[PDB]
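Right, one structure below, let's go through it.
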Amino acid sequence: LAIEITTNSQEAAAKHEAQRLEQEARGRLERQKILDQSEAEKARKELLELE
Amino acid sequence: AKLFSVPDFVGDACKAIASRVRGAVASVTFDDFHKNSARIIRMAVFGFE
């Protein structure tokens, strides 16, 4: 049970890590996404003018 | 003649080192030992400065 606790301790703080890295992804992605849509809107305006 | 003081000079020494480690490791948790065994022993044997 003493190695049990360390074995799950590895588990936990590994899953905490992949979760933190998970954040990084969606946190960055959600933002690259926004900066893309805005770039699209910089064009869409011109298009919407011709339209 | 002091050299030939302890009659089992090797026996004297292991006896003493085994004990020092044996005692210092009992204090320590396994995982904690396994990661630091180098320093854990290395200290247990010598009077840390």
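Here the Cβ positions follow ideal geometry from the backbone for every residue, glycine too, while neighbour counts run over all protein chains shown. Just so it is clear, none of the values below were taken in a lab; they were calculated from the coordinates.
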Worksheet item: One-quarter of the Cα convex hull surface for chain A, in nm²?
Response: 3.7 nm²
Worksheet item: In a shell of Cβ-Cβ distance under 14 Å around residue B:41, excluding residue B:41 itself, what net charge do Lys and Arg (+1) and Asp and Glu (-1) give?
Response: +4
Worksheet, complete the sentence: Here, residue A:17 and residue B:39, labelled 7 Å along Cα→Cβ, have an inter-label distance in nm of 2.0 nm
Worksheet entry | Separation in nanometres of the label points that stand 7 Å from Cα toward Cβ, at residue B:31 and residue A:3 | 1.3 nm
Response to the item:
log10 I(q)/I(0) for the protein assembly as shown, Debye formula on C-alpha points only (no solvent), q = 0.13, 0.14, 0.19 Å⁻¹, two decimals, reads -0.76, -0.81, -1.00
Response to the item:
Label model pair residue B:22, residue A:34: point-to-point distance (7 angstrom along the Cα→beta-carbon line) in nm is 6.6 nm
Worksheet item: Which order results if B:45, B:10 are arranged by neighbouring Cβ count within 10 Å, fewest first?
Response: B:10, B:45
Worksheet entry | Whole-Å semi-axes of the ellipsoid equivalent to chain B (Cα gyration tensor, √5λ, descending) | 27, 11, 7
